[PDB]
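Reading through the structure tokens given below for one structure.
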Amino acid sequence: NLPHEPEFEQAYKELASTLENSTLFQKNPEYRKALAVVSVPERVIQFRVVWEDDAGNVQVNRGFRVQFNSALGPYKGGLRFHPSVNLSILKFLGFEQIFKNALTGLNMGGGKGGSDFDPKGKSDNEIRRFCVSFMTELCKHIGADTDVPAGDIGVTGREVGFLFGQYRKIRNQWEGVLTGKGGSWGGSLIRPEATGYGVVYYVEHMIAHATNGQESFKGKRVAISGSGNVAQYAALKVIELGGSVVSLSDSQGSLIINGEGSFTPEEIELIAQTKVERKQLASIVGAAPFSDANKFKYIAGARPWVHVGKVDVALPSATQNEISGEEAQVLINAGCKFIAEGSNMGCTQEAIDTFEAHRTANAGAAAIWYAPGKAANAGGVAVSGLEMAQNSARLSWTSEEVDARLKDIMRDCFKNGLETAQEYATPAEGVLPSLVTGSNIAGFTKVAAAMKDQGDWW
Amino acid sequence: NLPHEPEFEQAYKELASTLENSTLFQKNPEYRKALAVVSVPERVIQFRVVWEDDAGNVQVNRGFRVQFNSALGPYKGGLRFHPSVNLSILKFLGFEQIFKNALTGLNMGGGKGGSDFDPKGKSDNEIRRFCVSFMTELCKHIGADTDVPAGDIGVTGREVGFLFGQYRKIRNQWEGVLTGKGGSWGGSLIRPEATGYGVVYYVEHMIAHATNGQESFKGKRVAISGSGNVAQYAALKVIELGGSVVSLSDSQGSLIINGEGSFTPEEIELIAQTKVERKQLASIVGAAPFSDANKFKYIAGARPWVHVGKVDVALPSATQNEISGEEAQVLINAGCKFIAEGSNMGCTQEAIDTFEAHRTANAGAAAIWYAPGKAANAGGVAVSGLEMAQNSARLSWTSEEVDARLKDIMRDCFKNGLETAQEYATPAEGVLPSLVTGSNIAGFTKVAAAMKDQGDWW
Amino acid sequence: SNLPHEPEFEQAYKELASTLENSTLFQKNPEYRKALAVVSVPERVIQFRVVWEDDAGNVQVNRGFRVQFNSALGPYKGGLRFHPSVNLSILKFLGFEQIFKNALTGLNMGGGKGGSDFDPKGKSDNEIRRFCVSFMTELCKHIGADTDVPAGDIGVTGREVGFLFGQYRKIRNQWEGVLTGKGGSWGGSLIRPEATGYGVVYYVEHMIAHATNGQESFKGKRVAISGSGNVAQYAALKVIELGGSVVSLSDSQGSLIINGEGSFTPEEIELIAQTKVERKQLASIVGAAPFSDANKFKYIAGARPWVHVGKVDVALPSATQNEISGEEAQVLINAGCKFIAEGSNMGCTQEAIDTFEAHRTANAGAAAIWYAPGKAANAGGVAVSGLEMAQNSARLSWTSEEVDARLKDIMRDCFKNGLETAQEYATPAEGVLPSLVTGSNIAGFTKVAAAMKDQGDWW
Amino acid sequence: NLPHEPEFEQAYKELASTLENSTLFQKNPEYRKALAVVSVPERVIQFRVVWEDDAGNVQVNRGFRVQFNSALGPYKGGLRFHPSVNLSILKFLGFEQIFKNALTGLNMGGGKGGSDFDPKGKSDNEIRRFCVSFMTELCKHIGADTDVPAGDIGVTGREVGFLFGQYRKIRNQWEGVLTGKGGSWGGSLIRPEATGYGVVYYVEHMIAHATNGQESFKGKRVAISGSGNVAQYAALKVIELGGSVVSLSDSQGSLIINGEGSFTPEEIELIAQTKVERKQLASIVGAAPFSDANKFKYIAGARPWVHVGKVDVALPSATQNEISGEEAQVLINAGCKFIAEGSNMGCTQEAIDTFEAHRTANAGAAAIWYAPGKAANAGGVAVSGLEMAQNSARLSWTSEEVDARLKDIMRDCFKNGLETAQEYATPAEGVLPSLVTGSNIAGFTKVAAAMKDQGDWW
Ligand SMILES: O=C(O)CCC(=O)C(=O)O
Ligand SMILES: O=C(O)CCC(=O)C(=O)O
């Protein structure tokens, strides 16, 4: 009699459902056995973590590493320190990580870990001691050839460092055992740029396919929402490829271009400085360059979608549910043909459904083409693979090298979606395949066939 | 945020209760910290087990090893294969194992493991393939100085053989990694006898103490339940000591003696053979000697306790929760003055409360005296420690040497419980000390103190 | 080379070497001169940084050391010392001696010594825990039940051994005999507290028997002891149990003497033990019974007991190193003392040792004072550590009587080996007592050097 | 108390003094804690080395490995066999190695080891046996992910081969555990070239910065001293980049170009053959091509500095203390703007002082710019990292690939010095940053911040 694990059960049921609404099990019914094998994790470690607080008292938390699947590579996935953490949640997140990592084409398996340790209110001294204790036990079960964790909620650069330092001390090895490391001790260039550059490259690959290699970002008008790092670097990449960035935004309003034109790199760097100083877009229109009313128009309380006029590409990069069903319709009437999520779950289900029905109802490049976040914002995962690659040679690559490689990985990510959809949700003649359906299946099918090849099931 | 683990949480709450109801936390209030720490397992491993059935189909089950505590020694405790198995249950069994193992005097930590694999209806080949697969993963986490498992429900000598065989092949070490091994490949004499002998030995000390050296098993009437190896060898040792054995039973009914007789060794040998053949007591009453209705009465559907009439000692040795509140009172009315669990968790908390209430109410030899399983049925795990001792010595001791050490262990276990109750749960004059409270405190403090010494808490 | 100056170690090497030269050993086996040169260089030395957090939350740095000197006879064995004086030279000195002390027990134990310059003085239990955790995080790599088995020494008692054991078992994930001096319920040995003290006395029993042709024992002898910790206590109680009289104890502040005939009783030693548990002085118990009975007890502040004991038959220095000067050696000689053995490690100064030895070689029969070296006479401690390792591998706890029995046999064999080896290689003049110093040094060295040769460490 | 370690204490004091004469401890006083922690080695192994001489006699020597710091990478640094070897000396060298290695921007820590073994007058056989015995112990402590030694005085190709053979045998792994290996068994192309080429690339980066990327080696006149591997390859690189090499020299004299012109690659090759035959430059001037007195002038007993006329770059690449105070002033007067040490400690302190005062007194490209050897001759170390990178993939890069990558590493070495001087020894407006000060501080700052991130100090 199995324990109640609602978050994991939900995630399994969603996969099994998306697999069922496809021809996968008509063509390959034996993959139902794969579904059953894959959803029992290969290994789970749980361990007590004892650590000393600043008053000198004994404290107790619970440590976790779910090593869910390793058919395609060593276990890969983040560590989460948050009071809500438990096996059920970490299984949900680790299970999903299998298939998102699989989607990229990198040799990365699937895992998730962490603790119910709550870093809110903790001194750095406390976080250090917790991390030291935590890694003392975890060290046994991980390694560059076995399991390579990373950060998540509660585990950023600071914690990764403390974790790395203690691993090194116990194991007496310097290796790529974590990703998200500092620039001087095995971190990668292009790490801040990864997500934003990643979305723009994915969309480039979409355009290329949709137009049979005749169009790129060159000459295209691109609406971006957000003004954090993802939006800034997506904007910079667009510009670098010859596109026009016509909008940026924050939670209070949108800053948009009047008529023809684009934001410039300099302007983007000014918006970055204002973002570092916690200031809102509303406050920078007072001075130049943004006080020029012939180039720039600030719109209070608005998202950009209905205000940019005619537009070719939309790149939501702010927050979740920032494209309504209604806004999807306007982008469609604005002639938008490509949309990809920079923000996690940026499109509402109504918007996704809209873009998909439009796709189904319109042959070729007359359709709007939506890419889901698990595919289009896999840049951060992509650069993690490159950080590992780089670590194996104790050698850093140039910005240009990491960038070029990030581009190729997003192509693999794209193609896995495209081809899976073509095979298992085959569209009508001249209709673009669904990247949402393709991306939801493709991880499972790559992992399942790998598992079969390796005798994990038969 | 934690998962609901009721079997485990109840055992914890109940131990905490017996510790509160004593002077232990008055004289050492710090030990409450130890309680919070010890209750979180050092390490838990869970893992997928894929195995092939006789049709050649893939089958999936879940593997577990709870390494609960190692302050006194390497993790020690059985493997259970039963479809009820899960983490909560093994946490429950593993927690109890800590304190049982502690009480043997031997350097043995507490652990428990197994699988939801059901051996019912499986071929021997299927069981072999399952054990090969199970041990392939488990081998990484165990070892002669790390974790030493053994049998339990679903895991007999047969399974231990398959498990050992696989370990030796992958680890390339021949060592005391398991106990309950076969005689020619590192098994110990007296291991089959140990639990049953051990409870009888323990109870002999109870009789001695409660009667001020007046009495022994000589002339006592002893009601036993069950008919597996515990009940058998308990029966045989009672007979050796001059007691009468007046009942045995299985899951279908009770075989009782009429009048003032007793089972014989020869009759016990016959019941043992009927049990190897997985037959029932109801199948053997229709032929001699058990068809003799002057001596024997078979009672279908019944536990033996009402049907034995007046008895002096009760040795439940069948199954968990086989003595209820009602039956505790039946045994009190029968003139029963000693009860000790041969089986794991034989008495309900209601029966325990009933017995303890009776002890408190009735000074001296009038009291029914109850010994907890962690003390009284420690004989088995004790002889496992001796199997480990023998493997490390690279010798096989005679039956007489193993048996001698088992007697010293059960003696010291009784003395410790008795003296610890005298110190921290001091009874009124003439009142028997609580073996429940004394055994719990003794076991707990030995672990907690060792944990403090080793810096696990402070 | 330009080797670093390591005076403590270099001095011990030369003294050892000299005692070997004053024998037939290198005449009979000149090739052992190469053995000696090879044995003098440690097999392995590990040094390491130990970073640890104080109670104020500040980072602190100390240096950690393990000298794995020799392993021909067994895994490296020897204690850990936390004391501000600790460095490589000092640990090499103590590790070198440990080789030969361990060899004389007859058990399979090699020779090692380690520790840190961490100063436990003034540190909280918590600080001590944090230091041990961090220290063992690095040391774990280099030690093990079949590799190197440390123990306590100055600055490392049961408390530290516990924190050190706990951290090892956590990182290594093996429960094993990696340390000795462990606690009773987690693989310690009975008799370990008594070992060193009982051991000296057992050894001296054989000295007395040999010197007097079995005509005397401890019965009726007056015994002066210095110190008031475990060694002094259990030595005293064993002497009392053998029918001798203990006429002094002492601590770093003064000595507490018996006046006239008479002895400390076990009850008095028990009280003294309780006060030394409380970290009090012998000073601050004299004004309270029974130690205020100024007919039986005299206290002298600032003094060692040797000049105040009157006539004495046996002396058992059991406080600290270098606690019998050459002058005090003469005082004991003139007091009529005939038997001396060290309860404290390096109790006698070299000057005292040269005096006892001069006096032995100048006097026939039992008119001579007989000095036993520490490597023979206080091996009781490390012997029972060896027994602890044996118990751990047996996965059993022996009884008091069994550990004690074996301790007795070990000390007896150790005495015999020193005696007979001196008779063979450093034969005394007719009627002179065999030198247990030369005897023990030769016996220890040759056991190691011959085993090294069998194992191809030299040829 | 502590042992007397004079060479190490000196090296420690010089670092502490450099760090005090900067703004580092004003801006970041907590880095004093870093200095105290970093100056205690992480680990030191000493060991007895017993080996057999050619007469069959036992010999005894002392082996050492100082594993000083691993924050930025596995321990890296050479092995020295010389009768002066001891812990103090090896700590001195390993301490310096941390910060030099750090300076390259490669993921390499800092270490040094060796023995007091004297190879003077030993047979190849004796050297083989010593190495076998030495590596038998050392193997335990090192490894491709832990510690990667190399050569030094007493340890060249021959010894590296013997050491690697024995490691392979015992460890049964083929990996990059040593650098300086033979071409066919893991050595890198560009290895003989590395130091010489490395010096020239470093100067290229200096030229680019000083001139706004307006100038290069193209059209420059370059005075080089020495005529061994470093001068030869430095020369060849200069010629490849369009520069003129106007001198070379040996201990007895200088061979310089008469008027404008340059040595050619064919001429460099001739000088290389003569140097292999162990002939001095004085004796190659009696034949063609060097007898042509219109092109070549031999100056007996002179260094080249005062005899080359106007020159843009100076590359002392012969020995130590080969540019006097006077010669530094002559070079300044000859229009020399770039000076960098091919040879270890080639510039006297008077010369370094003179170049630094000139820099201070002369805004921008008017200055002569001195690069210290720890930065400019770090190419040997750079190619070591590339050898490690190539060993990971069991794959040799092309000469062009190794060479291009060496150039980049020398840019990182440059940037680390430049930027560090900018921050902590900030020059007046328009004045070049001190590469000597920058290079002496930059390694420490990189290591200290990585140490802090990793919880080594806090
Ligand atoms: O011998 C063993 O280790 C298994 C015994 C056990 O699990 C028990 O005491 O219930
Ligand atoms: O118990 C041990 O291992 C030896 C302690 C020690 O170093 C000694 O004999 O002084």
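Throughout, protein chains are lettered first and strands after them, A, B, ... in sequence-line order, and every chain is numbered starting at 1. Just so it is clear, the values below take in all heavy atoms, side chains as well, and ignore hydrogens, waters and symmetry mates.
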query: Does a donor on one side chain and an acceptor on the other come within less than 3.5 Å for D124(A) and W458(D)?
result: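 There is no such pair between these side chains.
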
- request: Under 4.5 Å, counting heavy-atom pairs only, tell me which of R171(A), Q173(A), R128(A), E175(A) racks up the most with chain D.
  value: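 That would be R128(A).
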
Chain D interface, residue from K169(A), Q166(A), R394(A) that has the most non-hydrogen pairs under 4.5 Å: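 Most heavy-atom pairs within the cutoff with chain D belong to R394(A).
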
Pairing of [X] and [Y] as salt bridge, 4.0 angstrom limit:
{"X": "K407(D)", "Y": "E204(D)", "value": "yes"}
{"X": "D147(D)", "Y": "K76(D)", "value": "no"}
{"X": "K237(A)", "Y": "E240(A)", "value": "yes"}

message: Among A450(D), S392(D), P74(D), which residue has the highest count of heavy-atom pairs closer than 4.5 Å to chain A?
response: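 Among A450(D), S392(D), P74(D), the one with the most close pairs to chain A is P74(D).
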
- prompt: What residue in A389(D), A144(D), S70(D) has the most heavy-atom pairs under 4.5 Å with chain A?
  reply: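 Among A389(D), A144(D), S70(D), the one with the most close pairs to chain A is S70(D).
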
message: Main chain of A71(D), side chain of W174(A): is a donor-acceptor contact present, judged purely on distance under 3.5 Å?
response: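 Checking the backbone N and O of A71(D) against the side chain of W174(A), a donor-acceptor pair under 3.5 Å is found.
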
- prompt: Any donor-acceptor pair under 3.5 Å linking the side chain of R129(A) with the backbone of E52(A)?
  reply: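 Pair found, side chain donor or acceptor close to backbone of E52(A).
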
- prompt: So which residues of residues 396-405 of chain D are in contact with chain A at a heavy-atom cut-off of under 4.5 Å?
  reply: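 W397(D), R405(D), listed by number.
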
message: Just checking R168(D): does its CZ atom have more than 12 heavy atoms from other residues, nucleotides or ligands closer to it than 6.0 angstrom?
response: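 12 or below, so no.
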
message: I need the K181(A) NZ to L163(A) CG distance, nearest 0.5 Å.
response: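 The CG atom of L163(A) is 12.0 Å from NZ of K181(A), to the nearest 0.5 Å.
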
task: Please state whether the side chain, the backbone, both or neither of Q390(D) comes within less than 4.5 Å of a heavy atom of chain A.
output: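 Contact with chain A: none, neither part.
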
